[PDB]
$ cat my_file-v5.txt   # compact mmCIF, C-alpha atoms and all ligand atoms
# COMPACT_ATOMS: atom_id res chain seq x y z
CA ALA D 4 0.00 0.00 0.00
CA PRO D 5 1.06 3.62 -0.56
CA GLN D 6 2.37 4.69 2.84
CA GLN D 7 -0.30 7.39 3.20
CA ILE D 8 -3.07 4.81 3.00
CA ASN D 9 -1.16 2.42 5.28
CA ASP D 10 -0.63 5.15 7.86
CA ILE D 11 -4.14 6.64 7.93
CA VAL D 12 -5.73 3.22 8.08
CA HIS D 13 -3.47 1.81 10.77
CA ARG D 14 -3.56 4.96 12.86
CA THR D 15 -7.33 5.06 12.80
CA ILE D 16 -8.19 1.37 13.08
CA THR D 17 -5.67 0.26 15.69
CA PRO D 18 -7.13 2.61 18.35
CA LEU D 19 -10.65 1.66 17.23
CA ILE D 20 -9.97 -2.02 17.80
CA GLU D 21 -8.46 -1.31 21.23
CA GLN D 22 -11.27 0.96 22.41
CA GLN D 23 -14.04 -1.33 21.17
CA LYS D 24 -12.39 -4.70 22.05
CA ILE D 25 -12.99 -5.95 18.55
CA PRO D 26 -11.73 -9.53 18.14
CA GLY D 27 -11.14 -9.44 14.41
CA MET D 28 -11.48 -6.87 11.65
CA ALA D 29 -10.88 -6.43 7.93
CA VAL D 30 -10.77 -3.09 6.15
CA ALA D 31 -10.53 -2.22 2.45
CA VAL D 32 -9.83 1.17 1.03
CA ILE D 33 -10.52 1.53 -2.67
CA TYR D 34 -8.74 4.35 -4.31
CA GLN D 35 -9.14 4.96 -8.03
CA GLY D 36 -10.26 1.42 -8.70
CA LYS D 37 -7.42 -0.14 -6.67
CA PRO D 38 -8.25 -1.96 -3.41
CA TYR D 39 -5.94 -2.00 -0.43
CA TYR D 40 -6.53 -4.51 2.31
CA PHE D 41 -5.84 -4.64 6.04
CA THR D 42 -6.59 -7.34 8.59
CA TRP D 43 -6.28 -7.76 12.35
CA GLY D 44 -7.00 -10.30 15.03
CA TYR D 45 -9.20 -13.36 15.08
CA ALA D 46 -12.00 -14.85 12.97
CA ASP D 47 -12.27 -17.55 15.67
CA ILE D 48 -10.69 -16.90 19.04
CA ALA D 49 -11.01 -20.40 20.42
CA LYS D 50 -9.49 -22.03 17.33
CA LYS D 51 -6.94 -19.21 16.86
CA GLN D 52 -7.99 -18.63 13.25
CA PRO D 53 -6.82 -15.22 12.03
CA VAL D 54 -8.86 -12.79 10.00
CA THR D 55 -7.67 -12.99 6.37
CA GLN D 56 -8.88 -11.49 3.08
CA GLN D 57 -10.90 -14.65 2.67
CA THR D 58 -12.73 -14.47 6.05
CA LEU D 59 -16.50 -14.31 5.78
CA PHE D 60 -18.28 -11.73 7.94
CA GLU D 61 -22.02 -11.32 8.47
CA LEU D 62 -22.99 -8.06 6.77
CA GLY D 63 -26.27 -7.70 8.60
CA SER D 64 -28.17 -4.71 7.26
CA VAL D 65 -25.44 -3.96 4.71
CA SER D 66 -27.30 -6.74 2.89
CA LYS D 67 -30.01 -4.22 2.12
CA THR D 68 -27.73 -2.61 -0.42
CA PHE D 69 -27.72 -5.89 -2.35
CA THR D 70 -31.53 -6.08 -2.07
CA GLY D 71 -31.92 -2.52 -3.26
CA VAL D 72 -29.71 -3.15 -6.30
CA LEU D 73 -31.47 -6.46 -7.11
CA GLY D 74 -34.73 -4.52 -6.98
CA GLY D 75 -33.29 -1.84 -9.24
CA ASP D 76 -32.21 -4.56 -11.67
CA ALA D 77 -35.76 -5.96 -11.76
CA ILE D 78 -37.11 -2.47 -12.47
CA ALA D 79 -34.56 -2.11 -15.27
CA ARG D 80 -35.67 -5.52 -16.60
CA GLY D 81 -39.22 -4.20 -16.77
CA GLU D 82 -40.37 -6.87 -14.28
CA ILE D 83 -41.66 -4.46 -11.60
CA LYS D 84 -42.19 -0.69 -11.17
CA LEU D 85 -41.68 1.13 -7.91
CA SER D 86 -44.97 2.93 -8.52
CA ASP D 87 -46.79 -0.48 -8.54
CA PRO D 88 -49.14 -1.18 -5.63
CA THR D 89 -47.91 -3.88 -3.27
CA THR D 90 -51.09 -5.81 -4.01
CA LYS D 91 -50.18 -6.17 -7.69
CA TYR D 92 -47.53 -8.72 -6.58
CA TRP D 93 -49.40 -10.09 -3.60
CA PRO D 94 -53.11 -10.03 -4.36
CA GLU D 95 -53.86 -12.12 -1.23
CA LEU D 96 -52.94 -8.97 0.73
CA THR D 97 -56.59 -7.84 0.84
CA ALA D 98 -56.75 -5.71 4.02
CA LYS D 99 -57.72 -2.13 3.22
CA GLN D 100 -54.73 -0.52 4.85
CA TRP D 101 -52.64 -1.78 1.86
CA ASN D 102 -54.46 0.52 -0.55
CA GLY D 103 -51.99 3.11 -1.59
CA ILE D 104 -48.87 1.29 -0.36
CA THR D 105 -46.43 0.90 -3.26
CA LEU D 106 -43.20 -1.01 -3.83
CA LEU D 107 -41.40 2.35 -3.38
CA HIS D 108 -42.87 2.67 0.14
CA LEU D 109 -41.75 -0.82 1.03
CA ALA D 110 -38.26 -0.28 -0.38
CA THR D 111 -37.75 2.98 1.47
CA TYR D 112 -39.38 2.31 4.88
CA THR D 113 -42.17 4.77 4.14
CA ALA D 114 -45.19 2.44 4.11
CA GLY D 115 -46.53 3.96 7.32
CA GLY D 116 -44.71 2.27 10.21
CA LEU D 117 -44.01 -1.32 9.31
CA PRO D 118 -42.10 -2.78 12.26
CA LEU D 119 -38.35 -3.13 12.55
CA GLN D 120 -38.44 -6.89 13.04
CA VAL D 121 -40.55 -9.61 11.62
CA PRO D 122 -41.69 -11.50 14.76
CA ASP D 123 -39.78 -14.74 15.48
CA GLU D 124 -43.07 -16.62 15.48
CA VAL D 125 -43.59 -15.78 11.82
CA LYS D 126 -42.21 -18.77 9.87
CA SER D 127 -44.39 -19.76 6.85
CA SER D 128 -45.75 -17.90 3.83
CA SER D 129 -49.14 -18.20 5.54
CA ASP D 130 -47.71 -16.69 8.80
CA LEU D 131 -46.22 -13.84 6.83
CA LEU D 132 -49.48 -13.05 5.01
CA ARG D 133 -51.28 -13.05 8.35
CA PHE D 134 -48.63 -10.72 9.81
CA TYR D 135 -48.92 -8.12 7.01
CA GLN D 136 -52.72 -8.43 6.92
CA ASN D 137 -52.95 -7.68 10.63
CA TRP D 138 -50.42 -4.86 10.76
CA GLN D 139 -52.04 -1.47 11.38
CA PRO D 140 -50.12 1.56 10.04
CA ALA D 141 -49.59 4.44 12.34
CA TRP D 142 -49.29 6.86 9.40
CA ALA D 143 -50.47 7.37 5.86
CA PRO D 144 -48.08 6.07 3.29
CA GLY D 145 -45.23 8.28 2.15
CA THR D 146 -45.29 10.55 5.19
CA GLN D 147 -42.79 9.10 7.69
CA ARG D 148 -39.68 6.95 7.51
CA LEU D 149 -39.18 4.14 10.02
CA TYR D 150 -36.24 1.88 9.24
CA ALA D 151 -37.59 -1.65 9.03
CA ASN D 152 -36.56 -5.14 7.98
CA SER D 153 -40.22 -6.01 7.54
CA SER D 154 -40.45 -3.23 4.97
CA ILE D 155 -37.42 -3.69 2.71
CA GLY D 156 -37.57 -7.47 3.32
CA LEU D 157 -41.01 -7.61 1.74
CA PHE D 158 -39.81 -5.40 -1.08
CA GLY D 159 -37.02 -7.87 -1.83
CA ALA D 160 -39.34 -10.83 -1.74
CA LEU D 161 -41.92 -9.23 -4.08
CA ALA D 162 -39.35 -7.75 -6.43
CA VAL D 163 -38.17 -11.22 -7.49
CA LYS D 164 -41.66 -12.71 -7.98
CA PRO D 165 -41.97 -12.06 -11.73
CA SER D 166 -38.54 -13.62 -12.34
CA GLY D 167 -39.77 -17.00 -11.12
CA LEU D 168 -36.55 -17.40 -9.12
CA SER D 169 -36.00 -17.80 -5.40
CA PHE D 170 -34.65 -14.58 -3.89
CA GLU D 171 -31.31 -16.26 -3.38
CA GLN D 172 -31.21 -17.62 -6.99
CA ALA D 173 -32.08 -14.16 -8.32
CA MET D 174 -29.36 -12.53 -6.22
CA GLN D 175 -26.76 -15.12 -7.27
CA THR D 176 -27.51 -15.00 -10.95
CA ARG D 177 -28.30 -11.31 -11.36
CA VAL D 178 -25.93 -9.61 -8.89
CA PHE D 179 -23.24 -11.87 -7.33
CA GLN D 180 -22.22 -13.73 -10.50
CA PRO D 181 -21.96 -10.79 -12.95
CA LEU D 182 -19.91 -8.81 -10.40
CA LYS D 183 -17.63 -11.82 -9.70
CA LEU D 184 -18.62 -11.84 -6.00
CA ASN D 185 -17.75 -15.55 -5.74
CA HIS D 186 -17.35 -15.64 -1.98
CA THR D 187 -20.56 -13.84 -1.12
CA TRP D 188 -23.38 -15.96 0.21
CA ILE D 189 -26.90 -15.88 1.55
CA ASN D 190 -26.23 -19.38 2.86
CA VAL D 191 -22.65 -20.29 3.65
CA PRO D 192 -21.83 -23.62 2.00
CA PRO D 193 -20.11 -26.33 4.02
CA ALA D 194 -17.01 -25.95 1.84
CA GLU D 195 -16.70 -22.32 2.98
CA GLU D 196 -17.24 -22.87 6.73
CA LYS D 197 -13.47 -22.86 7.34
CA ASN D 198 -13.60 -19.12 6.44
CA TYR D 199 -16.74 -18.15 8.32
CA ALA D 200 -15.79 -15.97 11.28
CA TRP D 201 -17.67 -16.34 14.54
CA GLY D 202 -19.39 -13.21 15.81
CA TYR D 203 -18.87 -12.24 19.45
CA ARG D 204 -21.67 -10.91 21.61
CA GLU D 205 -20.89 -10.47 25.30
CA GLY D 206 -17.89 -12.73 24.79
CA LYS D 207 -19.88 -15.62 23.30
CA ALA D 208 -19.36 -16.93 19.75
CA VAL D 209 -22.55 -16.49 17.72
CA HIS D 210 -23.90 -16.62 14.20
CA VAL D 211 -27.08 -15.06 12.87
CA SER D 212 -30.28 -17.02 13.53
CA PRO D 213 -32.69 -17.95 10.74
CA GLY D 214 -35.74 -15.75 10.47
CA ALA D 215 -38.36 -14.86 7.89
CA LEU D 216 -37.11 -12.40 5.27
CA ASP D 217 -33.58 -12.82 6.59
CA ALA D 218 -32.06 -13.22 3.08
CA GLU D 219 -33.80 -10.05 1.92
CA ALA D 220 -33.00 -7.82 4.86
CA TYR D 221 -29.84 -8.95 6.70
CA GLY D 222 -28.60 -12.35 5.58
CA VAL D 223 -25.56 -11.80 3.30
CA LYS D 224 -22.06 -12.99 4.34
CA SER D 225 -19.04 -11.82 2.40
CA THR D 226 -15.29 -11.32 2.38
CA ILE D 227 -13.35 -8.04 2.44
CA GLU D 228 -12.32 -8.69 -1.18
CA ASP D 229 -15.84 -9.17 -2.48
CA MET D 230 -17.09 -6.24 -0.46
CA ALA D 231 -14.40 -4.01 -1.91
CA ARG D 232 -15.49 -5.20 -5.34
CA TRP D 233 -19.11 -4.47 -4.39
CA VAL D 234 -18.21 -0.93 -3.30
CA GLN D 235 -16.28 -0.33 -6.54
CA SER D 236 -19.19 -1.61 -8.63
CA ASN D 237 -21.45 0.89 -6.87
CA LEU D 238 -18.83 3.64 -7.11
CA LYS D 239 -18.38 3.25 -10.86
CA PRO D 240 -21.48 1.51 -12.26
CA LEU D 241 -20.73 2.54 -15.81
CA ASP D 242 -17.94 -0.06 -15.96
CA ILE D 243 -20.59 -2.80 -15.51
CA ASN D 244 -21.33 -4.62 -18.74
CA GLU D 245 -24.71 -6.08 -17.80
CA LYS D 246 -27.13 -3.31 -18.80
CA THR D 247 -29.92 -3.99 -16.32
CA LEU D 248 -27.46 -4.31 -13.44
CA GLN D 249 -25.67 -1.09 -14.32
CA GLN D 250 -29.10 0.58 -14.37
CA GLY D 251 -30.26 -1.07 -11.16
CA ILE D 252 -27.18 0.23 -9.35
CA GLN D 253 -27.98 3.70 -10.60
CA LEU D 254 -31.56 3.36 -9.40
CA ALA D 255 -30.48 2.29 -5.91
CA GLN D 256 -28.57 5.55 -5.48
CA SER D 257 -31.40 7.76 -6.67
CA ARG D 258 -32.75 10.10 -3.97
CA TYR D 259 -36.37 9.22 -3.21
CA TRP D 260 -36.98 10.99 0.13
CA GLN D 261 -35.24 13.48 2.35
CA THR D 262 -35.10 13.50 6.10
CA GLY D 263 -32.84 16.17 7.54
CA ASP D 264 -29.55 16.01 5.62
CA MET D 265 -30.06 12.40 4.51
CA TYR D 266 -31.57 11.04 1.31
CA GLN D 267 -33.03 7.56 1.13
CA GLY D 268 -32.04 5.33 -1.84
CA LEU D 269 -32.87 1.66 -2.32
CA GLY D 270 -30.82 0.17 0.51
CA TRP D 271 -28.13 2.86 0.15
CA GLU D 272 -28.44 6.11 2.07
CA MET D 273 -26.84 9.34 0.84
CA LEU D 274 -25.73 12.76 1.99
CA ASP D 275 -24.27 15.61 -0.03
CA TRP D 276 -20.48 15.68 -0.06
CA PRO D 277 -18.76 17.39 1.56
CA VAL D 278 -20.54 16.34 4.75
CA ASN D 279 -20.42 17.64 8.24
CA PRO D 280 -19.16 14.40 9.93
CA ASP D 281 -21.54 15.17 12.82
CA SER D 282 -24.40 15.08 10.35
CA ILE D 283 -23.65 11.51 9.35
CA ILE D 291 -31.96 4.56 19.21
CA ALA D 292 -34.12 1.43 18.79
CA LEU D 293 -36.88 3.18 16.77
CA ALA D 294 -36.62 6.66 15.14
CA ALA D 295 -39.72 7.92 13.36
CA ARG D 296 -38.93 10.82 10.99
CA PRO D 297 -41.18 12.82 8.67
CA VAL D 298 -39.97 12.63 5.06
CA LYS D 299 -40.17 15.02 2.10
CA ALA D 300 -40.78 13.29 -1.20
CA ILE D 301 -38.27 14.11 -3.92
CA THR D 302 -40.59 14.44 -6.87
CA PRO D 303 -39.22 13.00 -9.16
CA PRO D 304 -36.26 11.21 -7.50
CA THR D 305 -32.86 12.83 -8.19
CA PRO D 306 -30.61 10.46 -10.13
CA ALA D 307 -27.45 9.37 -8.38
CA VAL D 308 -25.43 12.36 -7.38
CA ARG D 309 -21.66 12.00 -7.84
CA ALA D 310 -20.76 14.37 -4.99
CA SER D 311 -22.36 12.18 -2.30
CA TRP D 312 -21.27 10.31 0.79
CA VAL D 313 -23.09 7.06 0.08
CA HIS D 314 -23.19 4.57 2.92
CA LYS D 315 -24.79 1.82 4.94
CA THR D 316 -24.23 0.48 8.41
CA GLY D 317 -25.10 -3.06 9.32
CA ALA D 318 -25.11 -5.35 12.28
CA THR D 319 -26.07 -8.77 13.50
CA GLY D 320 -25.81 -9.99 17.09
CA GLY D 321 -22.12 -10.70 16.71
CA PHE D 322 -21.01 -8.53 13.77
CA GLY D 323 -20.70 -4.83 12.88
CA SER D 324 -20.14 -3.72 9.27
CA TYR D 325 -19.91 -0.44 7.39
CA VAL D 326 -19.46 0.58 3.81
CA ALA D 327 -19.15 4.16 2.49
CA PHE D 328 -18.00 5.74 -0.74
CA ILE D 329 -17.72 9.06 -2.53
CA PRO D 330 -18.13 8.74 -6.34
CA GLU D 331 -16.73 12.17 -7.09
CA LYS D 332 -13.46 11.32 -5.28
CA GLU D 333 -13.20 7.69 -6.56
CA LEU D 334 -12.84 6.63 -2.92
CA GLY D 335 -14.52 3.88 -0.94
CA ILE D 336 -14.10 1.98 2.29
CA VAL D 337 -15.31 -1.27 3.82
CA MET D 338 -15.00 -2.08 7.54
CA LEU D 339 -15.97 -5.62 8.66
CA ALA D 340 -15.73 -6.62 12.34
CA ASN D 341 -16.92 -9.67 14.30
CA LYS D 342 -18.35 -7.56 17.10
CA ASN D 343 -21.41 -5.26 16.91
CA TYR D 344 -19.82 -2.02 18.16
CA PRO D 345 -21.48 1.46 18.11
CA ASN D 346 -22.32 2.99 14.68
CA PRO D 347 -20.83 6.41 15.43
CA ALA D 348 -17.39 4.86 15.99
CA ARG D 349 -17.71 3.23 12.52
CA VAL D 350 -18.64 6.47 10.80
CA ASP D 351 -15.97 8.45 12.66
CA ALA D 352 -13.25 6.03 11.62
CA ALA D 353 -14.47 5.87 8.02
CA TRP D 354 -14.70 9.64 7.77
CA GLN D 355 -11.23 10.10 9.30
CA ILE D 356 -9.80 7.73 6.68
CA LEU D 357 -11.63 9.01 3.61
CA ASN D 358 -11.30 12.68 4.50
CA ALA D 359 -7.52 12.28 4.83
CA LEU D 360 -7.22 10.63 1.40
CA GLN D 361 -9.65 12.89 -0.34
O1 LIG V 401 -11.59 -2.09 -9.67
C1 LIG V 401 -11.51 -3.50 -9.55
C2 LIG V 401 -11.63 -3.88 -8.10
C3 LIG V 401 -11.43 -5.19 -7.71
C4 LIG V 401 -11.54 -5.55 -6.31
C5 LIG V 401 -11.88 -4.59 -5.37
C6 LIG V 401 -12.08 -3.33 -5.73
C7 LIG V 401 -11.95 -2.95 -7.17
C8 LIG V 401 -10.21 -3.96 -10.10
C9 LIG V 401 -10.10 -3.93 -11.60
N1 LIG V 401 -11.29 -4.37 -12.32
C10 LIG V 401 -12.51 -3.79 -11.79
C11 LIG V 401 -13.64 -4.56 -12.54
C12 LIG V 401 -15.00 -4.13 -12.12
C13 LIG V 401 -15.19 -4.20 -10.60
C14 LIG V 401 -14.03 -3.55 -9.84
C15 LIG V 401 -12.65 -3.97 -10.32
$ encode --input "my_file-v5.txt" --output "structure tokens"
Amino acid sequence: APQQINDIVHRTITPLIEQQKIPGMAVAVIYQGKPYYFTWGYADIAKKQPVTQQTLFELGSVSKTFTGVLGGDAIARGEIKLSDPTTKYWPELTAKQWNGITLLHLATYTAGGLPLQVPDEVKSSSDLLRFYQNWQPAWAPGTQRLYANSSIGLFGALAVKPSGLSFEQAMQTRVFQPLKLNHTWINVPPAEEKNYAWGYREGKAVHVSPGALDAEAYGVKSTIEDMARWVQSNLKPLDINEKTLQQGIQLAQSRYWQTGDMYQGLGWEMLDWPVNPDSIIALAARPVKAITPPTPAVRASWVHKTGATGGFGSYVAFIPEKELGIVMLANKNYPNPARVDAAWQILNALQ
């Protein structure tokens, strides 16, 4: 690595690991299409397995960026439209509160207060239907944003219906494969278990538990290499040869709603660059302003997503205009502000 990148990364991440007692971490900085990798500590403490560039980490809600782009790809394929009513793809959803709730609302957490978590008791397709039928919105659609797995999760599930594919098959064939993300998984195969880090929560080794809509909302596992490739693909979508995927990426970074200084994309969230770092809670209900029509992807943006599972904490951010991106993968769920601080310190110094 160029010594500047080495120095800013080590000087930022070493203290972060110490302060947050992070067992293992991988970091990629992508500068002008070139990735630079850094690793520390342990994928598995008990077995003394180090973090490497091949270690799989649970991305948690960083998975929603994949779902948002898969949904964009389906729009580009002409399979769905964000303006479509939810009921067009799930006509069994007959309760009257669904009138007026579109795929856009689901994708952007603006349906009117869908809950953060799908309840553990919800297993089957018939359980899920019952859950959504019974849900009572707090707000009219398109008025408030409440971050929710039950919202974008449903979007992901409906977005792949016309394709005929399972969600996982659609993601593999339409997103992972074309982008050469060959060590990115919704389900980690037995052959890859040797590389699957344990998460640590209160000192105990843990992996994410199955749940409904897990694939769609928080179920992707990936390596620092594939995640760097993912960030670069989103940084520079015009290099992508597959037309609908290129377009889907662009759609996921369009600005659909504004709350405060943040703009909601599909999975991705965006702020204008340069950002006040200060500008970048279990439930936070925020009124949104519709951006009518959505602004196409703005190059001078800080585009990012945080993600966690019980034992993992991930973060990706990039700035198209500066050809600069970063991925931070850790096998402990440590506070989001520490992630953003570190990422901003690194990118600002290189920018
Ligand atoms: O820029 C590359 C890359 C690879 C791995 C991580 C980040 C970026 C390298 C050259 N080809 C490009 C091909 C298209 C995706 C990104 C890559």
$ closest_residue --input "my_file-v5.txt" --among "D:83, D:48, D:211, D:33" --to "ligand LIG 401 (chain V)" --atoms "only C-alpha atoms and all ligand atoms"
D:33
$ residues_near_ligand --input "my_file-v5.txt" --ligand "ligand LIG 401 (chain V)" --cutoff "6 Å" --atoms "only C-alpha atoms and all ligand atoms" --output "tab-separated table (two decimals) with C-alpha atoms, in the frame of the given file"
chain	number	residue	atom	x	y	z
D	33	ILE	CA	-10.52	1.53	-2.67
D	36	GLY	CA	-10.26	1.42	-8.70
D	37	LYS	CA	-7.42	-0.14	-6.67
D	38	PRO	CA	-8.25	-1.96	-3.41
D	228	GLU	CA	-12.32	-8.69	-1.18
D	231	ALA	CA	-14.40	-4.01	-1.91
D	232	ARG	CA	-15.49	-5.20	-5.34
D	235	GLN	CA	-16.28	-0.33	-6.54
D	236	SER	CA	-19.19	-1.61	-8.63
$ residues_near_point --input "my_file-v5.txt" --point "(-41.0, -1.4, -2.3)" --cutoff "10 Å" --atoms "only C-alpha atoms" --output "PyMOL selection string"
chain D and resi 71+74+83-89+104-114+154-162+269
$ atom_distance --input "my_file-v5.txt" --atom1 "atom CA of residue 249 of chain D" --atom2 "atom CA of residue 183 of chain D"
14.2 Å
$ atom_distance --input "my_file-v5.txt" --atom1 "atom CA of residue 307 of chain D" --atom2 "atom CA of residue 283 of chain D"
18.3 Å
$ closest_residue --input "my_file-v5.txt" --among "D:143, D:279, D:361, D:324" --to "residue 298 of chain D" --atoms "only C-alpha atoms"
D:143
$ residues_around --input "my_file-v5.txt" --residues "residue 273 of chain D" --least-positions-apart "2" --cutoff "12 Å" --atoms "all atoms listed in the file" --output "PDB file with C-alpha atoms, in the frame of the given file"
ATOM      1  CA  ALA D 255     -30.480   2.290  -5.910  1.00  0.00           C
ATOM      2  CA  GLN D 256     -28.570   5.550  -5.480  1.00  0.00           C
ATOM      3  CA  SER D 257     -31.400   7.760  -6.670  1.00  0.00           C
ATOM      4  CA  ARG D 258     -32.750  10.100  -3.970  1.00  0.00           C
ATOM      5  CA  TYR D 259     -36.370   9.220  -3.210  1.00  0.00           C
ATOM      6  CA  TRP D 260     -36.980  10.990   0.130  1.00  0.00           C
ATOM      7  CA  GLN D 261     -35.240  13.480   2.350  1.00  0.00           C
ATOM      8  CA  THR D 262     -35.100  13.500   6.100  1.00  0.00           C
ATOM      9  CA  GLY D 263     -32.840  16.170   7.540  1.00  0.00           C
ATOM     10  CA  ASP D 264     -29.550  16.010   5.620  1.00  0.00           C
ATOM     11  CA  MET D 265     -30.060  12.400   4.510  1.00  0.00           C
ATOM     12  CA  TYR D 266     -31.570  11.040   1.310  1.00  0.00           C
ATOM     13  CA  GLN D 267     -33.030   7.560   1.130  1.00  0.00           C
ATOM     14  CA  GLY D 268     -32.040   5.330  -1.840  1.00  0.00           C
ATOM     15  CA  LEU D 269     -32.870   1.660  -2.320  1.00  0.00           C
ATOM     16  CA  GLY D 270     -30.820   0.170   0.510  1.00  0.00           C
ATOM     17  CA  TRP D 271     -28.130   2.860   0.150  1.00  0.00           C
ATOM     18  CA  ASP D 275     -24.270  15.610  -0.030  1.00  0.00           C
ATOM     19  CA  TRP D 276     -20.480  15.680  -0.060  1.00  0.00           C
ATOM     20  CA  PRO D 277     -18.760  17.390   1.560  1.00  0.00           C
ATOM     21  CA  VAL D 278     -20.540  16.340   4.750  1.00  0.00           C
ATOM     22  CA  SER D 282     -24.400  15.080  10.350  1.00  0.00           C
ATOM     23  CA  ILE D 283     -23.650  11.510   9.350  1.00  0.00           C
ATOM     24  CA  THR D 305     -32.860  12.830  -8.190  1.00  0.00           C
ATOM     25  CA  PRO D 306     -30.610  10.460 -10.130  1.00  0.00           C
ATOM     26  CA  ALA D 307     -27.450   9.370  -8.380  1.00  0.00           C
ATOM     27  CA  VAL D 308     -25.430  12.360  -7.380  1.00  0.00           C
ATOM     28  CA  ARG D 309     -21.660  12.000  -7.840  1.00  0.00           C
ATOM     29  CA  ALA D 310     -20.760  14.370  -4.990  1.00  0.00           C
ATOM     30  CA  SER D 311     -22.360  12.180  -2.300  1.00  0.00           C
ATOM     31  CA  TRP D 312     -21.270  10.310   0.790  1.00  0.00           C
ATOM     32  CA  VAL D 313     -23.090   7.060   0.080  1.00  0.00           C
ATOM     33  CA  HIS D 314     -23.190   4.570   2.920  1.00  0.00           C
ATOM     34  CA  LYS D 315     -24.790   1.820   4.940  1.00  0.00           C
ATOM     35  CA  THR D 316     -24.230   0.480   8.410  1.00  0.00           C
ATOM     36  CA  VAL D 326     -19.460   0.580   3.810  1.00  0.00           C
ATOM     37  CA  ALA D 327     -19.150   4.160   2.490  1.00  0.00           C
ATOM     38  CA  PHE D 328     -18.000   5.740  -0.740  1.00  0.00           C
ATOM     39  CA  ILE D 329     -17.720   9.060  -2.530  1.00  0.00           C
ATOM     40  CA  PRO D 330     -18.130   8.740  -6.340  1.00  0.00           C
TER      41      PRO D 330
END
$ atom_distance --input "my_file-v5.txt" --atom1 "atom CA of residue 27 of chain D" --atom2 "atom CA of residue 60 of chain D"
9.9 Å
$ residues_around --input "my_file-v5.txt" --residues "segment 133-138 of chain D" --least-positions-apart "6" --cutoff "12 Å" --atoms "all atoms listed in the file" --output "PyMOL selection string"
chain D and resi 89-90+93-102+104+109+114-118+120-127+153-154+156-157+215
$ closest_residue --input "my_file-v5.txt" --among "D:30, D:339, D:356, D:300" --to "residue 146 of chain D" --atoms "only C-alpha atoms"
D:300
$ closest_residue --input "my_file-v5.txt" --among "D:254, D:209, D:234, D:352" --to "residue 17 of chain D" --atoms "all atoms listed in the file"
D:352
$ decode --input "my_file-v5.txt" --residues "segment 294-308 of chain D" --atoms "N, CA and C atoms" --output "mmCIF file, in the first residue's frame"
data_model
loop_
_atom_site.group_PDB
_atom_site.id
_atom_site.type_symbol
_atom_site.label_atom_id
_atom_site.label_comp_id
_atom_site.auth_asym_id
_atom_site.auth_seq_id
_atom_site.Cartn_x
_atom_site.Cartn_y
_atom_site.Cartn_z
ATOM 1 N N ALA D 294 -36.617 5.219 15.380
ATOM 2 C CA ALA D 294 -36.623 6.664 15.140
ATOM 3 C C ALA D 294 -37.543 7.017 13.975
ATOM 4 N N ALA D 295 -38.698 7.584 14.326
ATOM 5 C CA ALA D 295 -39.722 7.916 13.359
ATOM 6 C C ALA D 295 -39.413 9.324 12.852
ATOM 7 N N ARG D 296 -39.204 9.496 11.544
ATOM 8 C CA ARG D 296 -38.929 10.824 10.995
ATOM 9 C C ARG D 296 -39.826 11.193 9.820
ATOM 10 N N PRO D 297 -40.420 12.390 9.856
ATOM 11 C CA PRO D 297 -41.180 12.824 8.674
ATOM 12 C C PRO D 297 -40.254 12.874 7.458
ATOM 13 N N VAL D 298 -40.753 12.527 6.273
ATOM 14 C CA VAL D 298 -39.966 12.628 5.058
ATOM 15 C C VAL D 298 -40.606 13.593 4.058
ATOM 16 N N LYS D 299 -39.759 14.245 3.263
ATOM 17 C CA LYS D 299 -40.173 15.023 2.104
ATOM 18 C C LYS D 299 -39.934 14.162 0.886
ATOM 19 N N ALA D 300 -40.940 14.058 0.028
ATOM 20 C CA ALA D 300 -40.781 13.285 -1.201
ATOM 21 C C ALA D 300 -39.928 14.110 -2.161
ATOM 22 N N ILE D 301 -39.064 13.435 -2.910
ATOM 23 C CA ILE D 301 -38.275 14.111 -3.916
ATOM 24 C C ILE D 301 -38.957 13.721 -5.213
ATOM 25 N N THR D 302 -39.620 14.686 -5.815
ATOM 26 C CA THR D 302 -40.588 14.439 -6.865
ATOM 27 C C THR D 302 -40.162 15.145 -8.138
ATOM 28 N N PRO D 303 -39.598 14.414 -9.116
ATOM 29 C CA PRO D 303 -39.217 13.003 -9.158
ATOM 30 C C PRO D 303 -37.888 12.788 -8.465
ATOM 31 N N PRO D 304 -37.519 11.527 -8.191
ATOM 32 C CA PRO D 304 -36.260 11.214 -7.500
ATOM 33 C C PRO D 304 -35.081 11.806 -8.277
ATOM 34 N N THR D 305 -34.094 12.346 -7.558
ATOM 35 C CA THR D 305 -32.859 12.831 -8.194
ATOM 36 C C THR D 305 -31.969 11.636 -8.563
ATOM 37 N N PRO D 306 -31.482 11.593 -9.811
ATOM 38 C CA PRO D 306 -30.607 10.464 -10.130
ATOM 39 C C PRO D 306 -29.332 10.594 -9.316
ATOM 40 N N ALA D 307 -28.604 9.483 -9.243
ATOM 41 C CA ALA D 307 -27.450 9.374 -8.375
ATOM 42 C C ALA D 307 -26.504 10.550 -8.496
ATOM 43 N N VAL D 308 -26.255 11.175 -7.369
ATOM 44 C CA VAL D 308 -25.426 12.361 -7.385
ATOM 45 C C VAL D 308 -23.982 11.968 -7.092
#
